[PDB]
Each structure stands twice: as structure tokens, then as C-alpha cells.
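Presented below, as C-alpha cells, is a lone chain in the form deposited in one PDB entry.
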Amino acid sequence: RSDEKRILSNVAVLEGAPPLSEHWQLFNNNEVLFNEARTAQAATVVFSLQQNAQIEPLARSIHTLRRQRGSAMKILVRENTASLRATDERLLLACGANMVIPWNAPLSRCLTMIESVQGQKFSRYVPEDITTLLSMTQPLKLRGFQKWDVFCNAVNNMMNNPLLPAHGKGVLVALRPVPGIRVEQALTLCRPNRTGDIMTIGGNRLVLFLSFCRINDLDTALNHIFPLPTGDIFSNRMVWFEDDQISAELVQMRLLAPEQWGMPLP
């Protein structure tokens, strides 16, 4: 029947202690724990975080578990060594973890937090593609059309990522089509070939983000993405190439009603 009371945990979480009840099961590492958690349903899964190199493989495992097992499972990250940055915490929580047990919390407090998550159902939306999430902490790996909010999020995660270079992150360009063309039609002509080049449609504008592109190279970039001259497709264009200008424009973009958000044609 139900595995709601079952606790699957890496050995490191109990800091040397044996299983605390008949419900606890211990695993020598996060790989064997994850493989077991794959067959669980409503169980508590407690991964151990030792070093920063484990963040991405852990993000992938949490993501796989949340998407494939559903909302009943409680997925916890026990930070054993002081390593988790605020950005990587945001990533792990967005991938499907209910809670992170920080390093400075002793074993007794760790045990209190494990009991606190019981009966808690995961109600947050988790994106299907892990690259949508990894774009929070890693350079943009998305390409092509993205829904307005997903586009806004990816560009915003890029401006706020402290590991990225301060300069030349790319160019944000909002293109307005000529009277005879709808944005949905202009979108079918928008075919970027580079990873990091994404676009969206909304409020009668085609909005592109071109990674590592200098402002002087914008026309060159646009000539490669479109098979026809951009002057024949679009009447107007608004460009932002400085971090403050891009961030200021993402604020104005986030004000667009979902009824005004466009989607690609079938």
C-alpha cells in the first residue's frame, strides 16, 4: 500500500547514526538513493550535498523525480558542508525540492525539518526541459521560440547571474512588423542557428535576445536569422544592449497581459 511514512536517505544525513525507525532506509551515495526513489511514490527522499560539483547532477535527479513521481513525494537536500549559494538554492527548489536543510542546522534540527514536510504536497510548476532551469545558474542553453514569461525569465536570470561576464552578454531587440504582416507570420521567418539566441512574440512585437552580440553587429546577426531583408519584414525596432537598459525593459515586458502573448502557428 502507501509509502508516505518511508524515509530514503543518504547515510551522511544521520552523521554516523543508524536508521532511526523501520521507515528509514540508508544509501551510501545519491546515485543509489535516486535509483530507489524512482520506485517510491509518497516517500521522503533526503539527498546529501557535500560539494558544489554535485549541484547540477543533483538538480537533474530532483527534476527527474518531481516530474516523473508527482506531487506526493517530499524531496529534501541536506547541505552537509557550507557550499550552497543563494542562486543554487533557488535552482534546487525550482527543480522540485520542497526544502533545503542548511549546513548550520544540527542533526536534531534536521530531524525536526524532515517531520515538518509530512503531508506537504508539491504545488509549484516545474518546467519539462531542465535547460530552462539550468539557465538560472549556467549560460543560456535555450534556442528559438519561448513563451513570453519563459523568455522574460531566461533574460532576467542572465542579467542577475553573478558568475556570467559583466560585459557584452548580448542584445535585446523588439521588432514591429510592417502593416501587412502579423507577428505569428514574422516568427516563422525567425530561424536562429546559435544556442543562446531566443525569441518571443506578444503585443504586436517580435522580441529577440542575441547572446554575446555587440550592438554594431546587430544587423549582421539579423541578416543571418531571417531569410529576407529585415527592412521588408519589420517597420520599427527598439534595441537594448546594456544590462540596466535590458533589466528596465524586462520590467515593462512583464506588464503585458497573457491574452496578448503569442504562440507559434501549427
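The first residue of the sequence shown is number 1, and the count goes up from there.
Absent from the display: the form deposited in another entry. The rest refers to it.
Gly180 and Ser71 are assigned to two distinct rigid parts for the movement between the shown form and the other one, based on which superposition fits each C-alpha better. Annotation: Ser71/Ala154 CA-CA distance longer in that other deposited form than in the displayed model, change of at least 3 Å.
Annotation: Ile198/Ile130 CA-CA distance longer in that other deposited form than in the displayed model, change of at least 3 Å.
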